[PDB]
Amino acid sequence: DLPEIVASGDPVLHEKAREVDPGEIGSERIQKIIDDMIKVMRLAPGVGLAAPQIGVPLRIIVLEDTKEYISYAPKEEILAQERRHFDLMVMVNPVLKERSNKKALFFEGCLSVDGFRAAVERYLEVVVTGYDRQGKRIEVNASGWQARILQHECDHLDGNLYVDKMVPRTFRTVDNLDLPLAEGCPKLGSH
């Protein structure tokens, strides 16, 4: 049986998620959750996913970018967002910190807020500590689209969705995604 995705409104998404006990990570229980998340993130075309999104108040995130997902987008664009593919990645009790105040601005979308995208600003470089799928402590460094995803998923673990971090007037239907930005809205890209 597969637990589906919670949508905005469900308190689980707007409240800080409890840490999973290191070691208990190897548990057949939490291990199971990691499997589900990974499945769901792949079942609906998603590049990231946080425990609360399937109703689990735990600090666990999974991200992954297929060289196939990327394929379906303007090369001009995927290149601008420094979006390189990476293998599935799992992090429990992650702790994110920017490696520099360098930032970027692009359209983001959440699986708990579908049908909509919105330009949100993100750190370009970031380092995330925590534990790997098997309870061993790791420290992941990343930039570009990957850093973006990590920030997204981590935000979830704190009860935060991009909507409360978006650039005014950029909110839009996935359909009207490519329509121009109205005057005033900052330019997309980076410094």
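Position 1 is the first residue in the sequence shown; the rest follow in order.
Chemist: Between 173-181 and 19-27, name whichever shows the higher mean Cα B factor according to the PDB entry.
Modeler: Comparing 173-181 with 19-27, the higher average CA B-factor belongs to 19-27.
Chemist: Looking at the deposited entry, does 63-71 or 138-146 carry the larger mean Cα B-factor?
Modeler: Taking the mean C-alpha B-factor of 63-71 and of 138-146, the larger value falls to 63-71.
Chemist: Among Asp132, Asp158, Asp164, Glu153, where is the Cα temperature factor highest, going by the PDB entry?
Modeler: Each of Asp132, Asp158, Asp164, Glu153 was compared by C-alpha B-factor; the highest is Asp132.
Chemist: Is the Cα B-factor recorded for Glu121 in the lowest, middle or highest third of its chain?
Modeler: Lowest third, going by the recorded CA B-factors of the chain.
Chemist: Among the modelled residues of its chain, does the C-alpha B-factor of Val113 lie in the lowest, middle or highest third?
Modeler: Middle third, going by the recorded CA B-factors of the chain.
Chemist: Splitting the chain's C-alpha B-factors into thirds, which one does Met91 fall into?
Modeler: For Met91, the deposited C-alpha B-factor lands in the middle third.
Chemist: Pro45: which third of its chain by C-alpha temperature factor?
Modeler: Answer is highest: the recorded C-alpha B-factor places it there.
Chemist: Taking only the Cα B-factors deposited for this chain, tell me whether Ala51 sits in the lowest, middle or highest third.
Modeler: Tercile = lowest for this residue's CA B-factor.
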